[PDB]
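Report on the following structure.
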Ligand SMILES: Nc1nc2c(ncn2[C@@H]2O[C@H](COP(=O)(O)OP(=O)(O)O)[C@@H](O)[C@H]2O)c(=O)[nH]1
């Protein structure tokens, strides 16, 4: 029986930096060194036996200075952050070690920042791959050549560009508490971060990267890769499938023990534990035995150690991806597994009344990630729950909108908004944010905050009345209409004038409301000091209460005066104050508030 399993390796990195390309290159190095053998096929993963790793490296195996008793490496077929947030029954990432892929030319990017913080919160050891070193200007490319061999073909101009870009890499890594270095320059691999310049498109430096993966995983996970084949199986759901012929099945990576087609398992949902019995296990047939792409699967009796397997069983409809699968041989084992899963749900999901946002995600691991990314930026949270954005979320964000409009929003990560909820989100003006990555969904929300705050200022200026003094012309020649409405040529003495504003005399009597401001054939929305324009005044009649030559003042309220002097002070020019003080001397004869100008 087996002594030690293989480590489960995941691949992280920013989009287009070369995650899937590197995974593709490692499957290619499998066939070139396959050497007359069927390699254990997995559902959702690809195994690389150490016989391939050793012969691919050749004499470079000696760079690790320690024999590798591992049987192989199990690489996850789906890369990225979202795959990494799949967490075990013990809160840890199912990846035993990660590979951070960073484009050497593009450098550090948001998802690089995103993954590094996760790699530290999960305490996961990892290697950094400086990818795309072929786009270095003037680079000598040789297919499937180890990096230490390939660098000897380079000129000083190219090596300089590599050493310079590594320098910026290590600086960013040190800016996150990681001592980074080129791999052949690292002395202590447990106190330092190793960087392997690779070319995932041409296979340059893949030999050195696999040697570091195999070596590090052994010296970091010697003890817990030594699983007993015999123990019950513990796994993590990678995907939930409503298969056409197989019904509801879950794609799972088993990270501990042996799973049997007879086993009773406890499956993690979004709000409950699923106790069911396995009906059938399925794995891919040996690679040569495939003749129809529609029939690639065998019925298996047992899978053990690290294995990707498809589990067909009843009740898996409510199973949640990223949640654990726990085999339970006894009712006590069933009862304990139900506790660990619900304790995991109670620790992530939050339901409160505090004035905050509402967070919805696809899996538990990503829900905890975004909910704490918001806690980094000190954004309160009213609820975080796994599921699609329902109607009753919009109603809860509606109550938050009525309290603080800044937090009456919804943040959904990799989640589709319900049909019955999208109309409610527009009928109540509840902002919904849909995204696939965490950093952008926070930025889009924060960009919305800047928009809304600056709209709040715009609406305030539009609602306040500004001060202004005008004077009617004395000639009967500037009287264009004597009633309904009175249209008279004026000059604005001080401040500014605007339509909808009411006017008063020197004795503080309302004469009418300004219908429109007109200069030449044009219509204006305001007129500032020094402009001679014609204004229409509703309710006023020339000669009745207003007279040519008379000085008129914009009628202001105590609210308008307080707002300008204490909140909009930076918008008042010298003419605006003089207008305001001139109005206050008129309004002081009746209201002694204006004695404070
Ligand atoms: N020149 C060069 N291009 C690369 C390399 N690795 C990946 N690419 C290119 O990068 C593009 C997207 O990379 P991809 O692997 O899909 O990024 P991912 O989303 O992180 O998996 C592809 O068109 C590749 O051709 C490399 O080592 N050199």
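Across the chain, the mean sequence separation of Cα contacts (distance under 8 Å, 6 or more residues apart), normalised by length, yields a relative contact order of 10 percent.
Only helices enter the 222 nm calculation for the chain: every DSSP H run of n ≥ 4 contributes -39,500 (n - 2.57), and dividing by all residues gives -9500 deg cm²/dmol, rounded to 500. Computed from the Cβ-Cβ distance with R0 of 41 Å, the FRET efficiency linking residue 160 to residue 436 stands at 0.60. By the equivalent-ellipsoid construction on the alpha carbon gyration tensor, segment 353-507 comes out with semi-axes of 53, 16, 12 Å, ordered largest to smallest. Scaling the Cα radius of gyration of segment 8-225 by the globular reference 2.2 N^0.38 Å produces a ratio of 0.96.
Note that segment 234-336 shows a convex hull volume over its alpha carbon atoms of 91 Å³ per residue.
Stretching the chain fully between residue 454 and residue 589 yields a gain of 44.8 nm (0.36 nm per residue, less the alpha carbon separation). For segment 328-420, the convex hull drawn through the C-alpha positions has a volume of 114 cubic angstrom per residue.
Counting only alpha carbon atoms, the long axis of helix 206-225 and the longest principal axis of the chain meet at about 80°.
In terms of packing, defined here as the mean over residues of other Cβ atoms within 10 angstrom, the peptides 274-280, 295-301 line up highest first as 274-280, 295-301. Each part reduced to its alpha carbon centroid, segment 477-527 and segment 548-578 end up 16 Å apart. Beta bridges per DSSP, both residues in the chain: antiparallel share near 70 percent.
Mean projection of the alpha-carbon convex hull of segment 369-436 over all orientations, in nm²? Here the figure is 4.4 nm², rounded to one decimal.
Size estimate for segment 474-597 follows the Kirkwood approach: the inverse of mean 1/r over distinct Cα pairs works out to 15.0 Å. Peptide packing for 158-171, 376-389 was compared via the average number of neighbouring C-beta atoms within 10 Å per residue; ordered from the highest value, the list is 376-389, 158-171.
Residues of segment 550-589 falling in the label zone of residue 506, defined by backbone nitrogen less than 13 Å from a point 7 Å along Cα to beta-carbon, are 550-553, 586. For the chain, the alpha carbon convex hull comes to 237 Å³ per residue, rounded to a whole number. Report note on the peptides 558-568, 479-489: ranked by the mean count of other C-beta atoms within 10 Å, highest first, their order is 479-489, 558-568. What is the angle, in °, between the Cα long axis of helix 391-403 and the longest principal axis of the Cα atoms in the chain? Nearest 10 is fine, range 0 to 90. The angle comes out near 40 degrees.
Taking the longest Cα principal axis of the chain as reference, the axis of helix 110-121 is set at about 60 degrees. Treating each Cα of segment 464-543 as one equal point scatterer and applying the Debye formula with no solvent, the log10 of I(q)/I(0) at q = 0.22, 0.24 Å⁻¹ comes out as -1.05, -1.28.
Cβ: placed from backbone, ideal geometry, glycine included. Neighbour counts: every protein chain shown. Just so you know, all these numbers are worked out from the coordinates, no wet-lab data involved.
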